[PDB]
Ligand SMILES: O=C(c1ccccc1)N1CCN2C(=O)OC[C@H]2C1
């Protein structure tokens, strides 16, 4: 409808204005108190912090510049910050501040205290079809938004979907997202979620996000992903094969949607045909979904996470607490000039 077309046109206008003139240097480290490490690893660290003047809580992503260079993530890190400062959608975590110092890059995001979808899925075992469909509808709308801005997300998985105080999804981690007109070539993502054309080193497009949605829906409704194996090489052989097995408790409508999202031939995959996202939105598995009410956050969620307040960390896990050190000399200044 014309209302959807005009919404997406305005969404693109507003993205492009911030994309062409990015914000920079909007806070500094000694404006915050450090509380607790919420995650660590290949993505850097994420730390719960509290702003010393306002009292607000934030999730601060800290990247070590020297390690970013050695791991060949310079362009990806610049992508992440430039995109996050330019987007705006109900199901994306908001970037509030960004800055850099002699040693590190910092992205200060809103703190979502309900935890990762991954934790709740593994605790309950599997989600009922109505519960999985509620989350899936939010991802469909989010990808419609991102793809209309020429953005590919490239890291869909349960660990990257946080559950908020209303029971709705907020997507975090734009480390692999990129603005792409046409094809792109970089090997990235997490093994269980990679489309065949990534594994085969082809030039690929936004259809890889719709494949990943198929993997997510299967995992939410079954409790485990469709191409599971013990080692990555064995996972890749299953992905390229073009065969899956569905649990008997899956409905016929769910099986039909999944066969069309998990289509090995990218030219035949739902989301990538002449009708685009509407082949997904109009599928029988989504017949009960009120797309407008979901966007407006007017549907009652299947469950609300248990937590005590905006600073509660009980839904995240425990990590060794390490220093945030800042060298007396500047490191890698030229490489990160635009950050
Ligand atoms: O940024 C976060 C976060 C971590 C803790 C609290 C809030 C947010 N992530 C979740 C875990 N993550 C992965 O498993 O890989 C990507 C990374 C993203």
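Numbers in chain A come straight from Swiss-Prot, and the residues shown are 13-351, in order.
Every residue, even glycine, has its Cβ placed from backbone N, Cα and C.
Listed features, source Swiss-Prot:
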- 167: active site, proton acceptor (ACT_SITE)
- 44-298: domain 'Protein kinase' (DOMAIN)
- 299-351: domain 'AGC-kinase C-terminal' (DOMAIN)
- 49: phosphothreonine (MOD_RES)
- 140: phosphoserine (MOD_RES)
- 196: phosphothreonine (MOD_RES)
- 198: phosphothreonine (MOD_RES)
- 331: phosphotyrosine (MOD_RES)
- 339: phosphoserine (MOD_RES)
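Among the modified residues listed (49, 140, 196), 49 has its Cα nearest to the Cα of residue 331 (phosphotyrosine).
Of 49, 140, 196, 198, all annotated as modified residues, the residue with the shortest Cα distance to residue 339 (phosphoserine) is 49.
The Cβ of the residue listed as 'active site, proton acceptor' has 21 neighbouring Cβ atoms from other residues within 10 Å, across all protein chains displayed. Here residue 198 (phosphothreonine) comes close to 190: these same-chain residues lie at least six apart in sequence, with C-beta atoms under 8 angstroms from its C-beta. There are 13 other CB atoms within 10 A of the CB of residue 140 (phosphoserine), with all protein chains counted. A C-beta separation below 8 Å, combined with a sequence spacing of at least six in one chain, links residue 196 (phosphothreonine) to 164, 190, 215, 216, 217. Highest local Cβ density among the modified residues 49, 339 belongs to 49, counted as other Cβ atoms within 10 Å over all protein chains shown.
According to its DSSP assignment, residue 167 (active site, proton acceptor) is coil. The 10 Å shell around the Cβ of the residue listed as 'phosphotyrosine' contains 15 further Cβ atoms across the protein chains shown. Counting residues per DSSP class in helix, strand and coil order gives 5 helix, 0 strand, 48 coil for the domain 'AGC-kinase C-terminal' (299-351).
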